[PDB]
Amino acid sequence: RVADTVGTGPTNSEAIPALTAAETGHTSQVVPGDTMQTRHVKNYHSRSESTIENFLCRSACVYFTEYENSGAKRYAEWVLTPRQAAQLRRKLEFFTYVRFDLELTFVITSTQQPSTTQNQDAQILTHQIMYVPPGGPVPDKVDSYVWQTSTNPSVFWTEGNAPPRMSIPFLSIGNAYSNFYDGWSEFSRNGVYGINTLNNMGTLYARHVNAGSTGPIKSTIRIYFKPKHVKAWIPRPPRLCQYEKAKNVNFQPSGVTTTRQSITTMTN
Amino acid sequence: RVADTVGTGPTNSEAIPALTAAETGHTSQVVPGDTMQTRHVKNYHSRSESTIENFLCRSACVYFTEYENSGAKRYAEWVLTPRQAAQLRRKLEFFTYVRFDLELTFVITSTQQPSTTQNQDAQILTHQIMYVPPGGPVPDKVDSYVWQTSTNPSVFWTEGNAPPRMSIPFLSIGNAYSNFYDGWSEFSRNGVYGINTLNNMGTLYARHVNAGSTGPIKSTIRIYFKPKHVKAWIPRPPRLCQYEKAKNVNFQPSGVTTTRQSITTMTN
Amino acid sequence: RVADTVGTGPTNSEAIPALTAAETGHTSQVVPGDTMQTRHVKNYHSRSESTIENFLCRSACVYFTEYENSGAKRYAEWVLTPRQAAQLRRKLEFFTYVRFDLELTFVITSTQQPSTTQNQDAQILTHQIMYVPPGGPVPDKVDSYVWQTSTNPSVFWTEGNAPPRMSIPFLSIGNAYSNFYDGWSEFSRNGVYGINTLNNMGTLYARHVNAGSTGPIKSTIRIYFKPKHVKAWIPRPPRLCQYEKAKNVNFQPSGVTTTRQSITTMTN
Amino acid sequence: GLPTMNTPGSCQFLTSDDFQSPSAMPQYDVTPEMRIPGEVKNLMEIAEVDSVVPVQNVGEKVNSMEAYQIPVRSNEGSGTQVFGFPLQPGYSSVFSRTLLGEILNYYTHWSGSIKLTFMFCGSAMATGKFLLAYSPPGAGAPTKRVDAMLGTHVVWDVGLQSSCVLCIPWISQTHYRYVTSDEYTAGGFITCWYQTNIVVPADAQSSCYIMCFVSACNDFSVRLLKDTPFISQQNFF
Amino acid sequence: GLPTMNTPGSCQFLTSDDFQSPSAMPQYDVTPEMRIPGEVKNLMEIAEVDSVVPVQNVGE
Amino acid sequence: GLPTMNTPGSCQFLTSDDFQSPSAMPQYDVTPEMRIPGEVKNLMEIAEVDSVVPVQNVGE
Amino acid sequence: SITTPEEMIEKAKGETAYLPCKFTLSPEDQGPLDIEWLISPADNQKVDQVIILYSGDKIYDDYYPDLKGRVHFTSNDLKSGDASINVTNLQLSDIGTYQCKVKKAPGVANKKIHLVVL
Amino acid sequence: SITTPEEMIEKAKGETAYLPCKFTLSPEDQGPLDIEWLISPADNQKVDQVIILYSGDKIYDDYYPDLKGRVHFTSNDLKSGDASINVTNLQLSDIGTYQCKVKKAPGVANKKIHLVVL
Amino acid sequence: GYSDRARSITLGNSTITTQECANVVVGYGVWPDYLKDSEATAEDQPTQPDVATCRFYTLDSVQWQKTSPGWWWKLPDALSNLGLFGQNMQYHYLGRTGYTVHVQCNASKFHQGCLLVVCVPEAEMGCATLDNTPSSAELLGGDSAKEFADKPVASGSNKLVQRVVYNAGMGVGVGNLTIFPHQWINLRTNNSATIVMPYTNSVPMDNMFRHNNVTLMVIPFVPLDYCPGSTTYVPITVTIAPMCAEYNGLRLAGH
Amino acid sequence: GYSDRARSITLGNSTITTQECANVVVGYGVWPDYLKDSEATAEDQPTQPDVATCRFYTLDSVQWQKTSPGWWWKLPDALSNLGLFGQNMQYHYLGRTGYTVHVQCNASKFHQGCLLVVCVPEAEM
Amino acid sequence: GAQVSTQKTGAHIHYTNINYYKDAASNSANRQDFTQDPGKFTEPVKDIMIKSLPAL
Amino acid sequence: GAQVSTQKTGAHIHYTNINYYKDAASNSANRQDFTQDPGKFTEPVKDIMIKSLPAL
Amino acid sequence: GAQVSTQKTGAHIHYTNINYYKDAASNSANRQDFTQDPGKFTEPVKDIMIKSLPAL
């Protein structure tokens, strides 16, 4: 809920709430009643939707890639990082350190490519998505022995069913993930600035278990990241300029804000 | 959970914990505090994921074979043995005797083969998987009378549905399965060395219940083995060289480990 | 569970348990300890799987027939009788009278037949299975008015769904079903020997609700019989020779057992 | 007839799931449990057992029993280095094959102390003093015995007691490290020097060897179960 | 409207399963049980009865 | 064997939903929480902090 | 399972070579027993050519002309693990690779013997 | 990750140009190391032409004729982050764009160096 | 005022005395005992000679040369031709027993060397053919000690066990052999190694002929070395005594 | 059952182990301790690093030849260029500290020799 | 009205079952019904025969 | 073990939730967690400043 | 007959599980079974060895 307005009457006194000093870095926190006559009001409005759990706990598409049932490209590999999509990324960059659980949902759709192949019979396509931990072996080819997934979590999905969903616990050698790292990985400071061993989750591999049809088919996989049980520390100013590279906060200088015809102008 | 570090101070005394004898075969078990000054630390780390149930209870692909809806090969037969796949096998070979429950999951995918057949109409393909106990009759042909499965457990699966799954109780004439057998089945020692009547489960038969389409179709079945309620006895050293034959521990001599430029070298 | 072996010592006495008479028709029931020195053993083995409920309560294919969506044969009719399949039949014939509940599961698969028809579009095929009680009207044709099933239980199944299953209560004018009937239905003894009004359940009719496609399609229906809450009376010797006719126990004389090179021979 | 609504993730197969399935064989009596020695209930217990480590893994020595042995001798000098290797049990070649290294390859993170036991294998008349030492990250591997002394070190004297144990304390910024090679989570450097020269009498060998045993402490844990790269397969057996 | 999630093994037919199915004929009165001799409750009881064994199974 | 009936909205993916999903990694021990200053629990607290406003936003 | 499946036999000319193909069957094996002796010539001509076949409890001795009435099963049981053959007249041509196949569903076992005649 | 991937090197004629392509690998990277040095000519002729390749722990020095026996890897480790090459004889033709590719699955890193010779 | 490194073990009518020993390793913490009435299977009364069967049996000695790769023994097989123990199994179908392995080796202060004494249950050994299995004669050497090969055994068509010392014939690291109950003899500290092993098998009792429960391996990680004018010949004697042995299934002798 | 001639001293992150020692001589019976508030003079708060400053610092070795006359060291001066201790005094006007001197030398039974280890305060030469 | 019963377990845990049909013949099989009475088949004699005593 | 909690309703009712996984990170989001503490961001000063009293 | 147990949570909540099969081998894995006994592998010696006291 929120604070209720308090009724006030005309007051003549030495007390001066409005006068203050902004140099102290202290917010004035002056209610409307201090500077004007108000009427008692019983506010029933509640700050429920402005909470971090409500703000950050929504599914947002972070990356979509495609693969084929034939040809050179037969499998797709993506390393887990949320800086791929500007939207979810900007919301996350609001704070310095964030600790949260992760929920992954994948939407897979297959589109038949143009071909001269005739008498095409298609069998229900089955897709396998394998998650590889950091330092784990990565499959060289689509028909590699790695796809055994003995100790690697993997999900098998058949088309016409609800999208596959798995819940990942917070993984970080450090106490919390770091959105911004100031420094170099090397003790000699001769490496890419801002690189951190933190925020490393894993790599996702997606392929077709079976060819399905003689004719060519291309499938696109979209990865959705929904934060859960989120925690935030040290709030910082929101991004003002468009993101150029995921690896570095490199930006192009941008006008503080939009202009107007002149001061004293009530319109844009 | 794990042990908490204990704070220590400089000590001058006759007691000599670091000095010991490795000939006794006894691990020294010396904490950091015995040889240096430490600060009290309240460790909250827990050895949960290192348990045998957590280590071995994961689904791992052990064998995949294919069959057709026409032609010579119409059914596929595989005898139950986990030595087919090196991954799951190496994890199991960590101990000498292991007793555990077994869970089987099968993933079946059908791919249309190239053909000159025209006007191909496909009907939802139904696959039958039959488990045969040791000493049970084995079907000679796809349309044999054995597929009645009166006393043989069998599962019927239709494409577009979740993969079929069944739970098998520990089966072994002996008290526990034996990973390594030293000896001969024959009292006269004139037979294949290491053969044991133990670890014999059964044979799996997979076929298409109906042809489905005039055009040729080939389906591949993958068998997954997930151990449950596992127990381990007598730990042994992990495999150092690549597996050659499932039947015998035959190996090719392999370098103890990788080499480096010289001793005193900090890199590979 | 089973009986525990009892420890015994050397005994010299007038008592003679081993000596007995088999003419009395009484089993000797002599334990190992009576004729030799044994050690006390705590057996934990249990006779759980040897019970009649465990032995007979399994699904066994009893009859499979096929029908078409066009042509002369458009529907399939089978009268309920378990003597069609030798496996389930032999297990049931172990006793003289058996009383049990029945569970029916049907597996239906459709295969497209070869044809010169072009532009074939197939619509999800729906199959109707109707059960007719003894003395009930039987449909003359596929499009007959009988398929209304006002008082006849019937099940409608669409392809791509789990197989239809229904539970039937024990039906028999007599107290229990009779596996073997010695006599004639006629008081004058001028009829088929062994025919009984008992064990008459009903007739099953299966047809395609809709043609589905212009091209010809043939579907095969398999009937599975699983006994439940079974009861057995008067055990009899198991069948020694192969079944020739379901109606009569007619058999071909068969060698009591297989031969060996001579007596005193330890192998086959 | 209860109203139900399916959610994302229905009819899916996750290898690492915990659900209930029907029994293929009903009412089956399994063999009674028998008492077998050395029962294991946790992987860590196996990893706490001393494992011989081949420090001299160079050239063709890895194909011989010489890789495990460490050479020492009487030299007219002092402050020389017996050996040197980094603190990378999961990645370093020296520890990649030990009972500790073999188990650390199925996990992603590792956090705890490490015990190194050195057993002098010389004659009874042979005597000597060495400087076992561990140096923290952020400083170049020490090149002289003066630099090495600065870090955690233990002066070892040959004596009736055959072996001396060096316990590497856990000194890291983050709570866990990475089993795979990683620059951010640098472990440290372990080196050995000659505190005093080996001294032998007449008619006695001046060349001896040492054995190293590496085990984990009572505060060692691992996380993130992953597959081991070592085992490889191109076809079924 | 209860949220539900299917698991591997849905819509499958295992011959050796123990589930509940609807009755084809509802409210059916079965014939009362009658006392019949030699009732069997376990296969082992049958196997404990002496059986003549043909030891001289040779030639014709 | 319990009778069930699906309702409109089955096997659908609503981005803003609150359901339970299986864990990709079972029995995983996460790093213990550490005390970090300036923890945020609501967006409004951030919005109550004075922000410099550029009133003369004209031309260059 | 066949004992020592890969091996090499050395004998002098006209010494009668005995080839041992003794097998052992697993419990699962319940299918019909089928023995197949196929010879691969050292001549480098068409390989995998059958010489003697045992199926349906019957023996066939005419699948390769050079060995006419020279290959006989050493044991008369044949169902027993011992399924061996012996060539009576060793010749210079005999040099080649002999493969023994024991097929009892499920599971197929194969034995390869290199024959050299001095 | 390659340090300063985009950069420009200026050197006089016959001064030996050293091109630095030092990289750093992430934990996920576990695939085979493949280095590929491809040069784009300032002539405006066909671009993306390879000069020197390092794969399967082996080096190939014949993919572009103009640079015959002139491009050698500066470091002999190569597996180490430092994967640099140096042209011994700088020439007027040398002017062009040089691209360094470090491929270790998963993840590919690329560095582009503009070379000008005075 | 006893000495920590001084001991004596008395079994049957045989006594061993060591004046320079490290300690005693009792297997996995289990001491050899008889079969209980709950875990037994064979209904017939077990026969336990006790004094005759359980006693120290000294095998033939071996020479520790500077290039000696290593030696190995099959505990059940080794004692199959010695005393009543050997005779007892010849007449019995089943057999369950425990052992105490006392490896003895002595040298002067000047001599320097190191050996590893370890008991490995179910030590299935590989074969060089990579398609065949090792012959009974190659794997089992009664009244002898089978030796390891420094250089790898040649691969061909035959039945020869890969004697590679580094893989030890089990295709595993030699350094990882310490996981099993073991003890080290260094000629600067130890003069002997004593290990007590409880019976370990999946089944309650098993045939002692075709099946071998445990295997004793002596391997020198650091070689034997000494200056001239010293004793060149250095032998190693292995004494094994069965503990709590019991047999079932009396029959005509044979195997 | 400890041995009289067996000992181990642990200071900071350094440990020394001797398996053949005679005993330990604690100066004139006084054990190193900090300055009391009664005997102090400098009014400013003293700075005590403790772990960094107090730890074993190994100096360069010397060779004991048959004609070696002898060697000598200045304890405060010797450690002036080693570790934080050396740095600490470089930035501090006053300094008060105690020391533990562990001279190490080993030889075979056959070798015969004798040495004298002594600490002499205010050794004006 | 839920019936809690013991699951089949080895030697040397619980399950809940509810009936959703009033038919009762629509119930699952009675797998846990182990009863032994071989006395009738083995000895259907009139006079009890003691093993110690001789048959005739 | 069912947890009954109050549904989000307007001003001027209950729901039951059960956990079917022991993982706990497999649970739903904590939507109903409204806590306010802006004092640190707004006034992180050492000396408390009363509005009635003048700042300096 | 529902079993309520504690979910795996971090340091510095509950789940209900029911068995629908009497087979018992049809149950889920016992993930929460953490027991440590390395004493047998690390020290299987006959005489207890105190660290303070010298080995020999």
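Just a few scattered comments:
Chains: A, B, C, D, E, F, G, H, I, J, K, L and M, in written order; residue numbering restarts at 1 for each.
Everything that follows uses one rule, which is that a contact is a pair of C-beta atoms (placed from the backbone, for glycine too) under 8 Å apart; a residue touches a chain by one contact, two chains touch by 3 or more.
Considering every other chain in turn, the ones in contact with both chain C and chain D prove to be B, E, I, K.
Least step count on the touch graph, chain D to chain G: 2.
At the centre of the protein atoms shown, by the Cα-centroid criterion, sits B.
Each chain gets a centre from the mean of its Cα atoms; the one farthest from the centre of chain F is G. Averaged C-alpha coordinates give centres for chain A and chain G that are 69 Å from one another.
The distance from the centre of chain B to the centre of chain F, with each centre set as the mean of the Cα atoms, comes to 39 Å. Averaging Cα coordinates per chain places chain A and chain M 38 Å apart.
Residue positions of chain J touching 2 or more other chains: 1-3, 6, 13-15, 17, 19. Contact with two or more other chains is made by residues 1-4, 7, 10-13, 19-34, 37-38, 41-42, 44, 46, 48-49 of chain F. Of all residues in chain M, those touching 2 or more other chains are 2, 8, 10-12, 19-23, 25-29, 31-34, 36, 40-42, 44-45, 49, 52, 54-56, listed in ascending order. Note for the complex: chain M touches chain L at residues 2, 4-9, 13-17, 31-32. Across the complex, chain C meets chain B through its residues 58-61, 85-88, 91, 107, 109-118, 120, 122, 125, 159-163, 213, 215, 217, 220.
Per the touch definition, chain F reaches chain K in the complex via residues 1-3.
Taken together, the chain D residues at the contact with chain K in this complex read 26-34. Interface residues of chain L facing chain A in the complex, by the touch rule stated above, are 8, 11-12, 23, 25-31, 33-34, 36, 41-45, 49, 51-52, 54-56.
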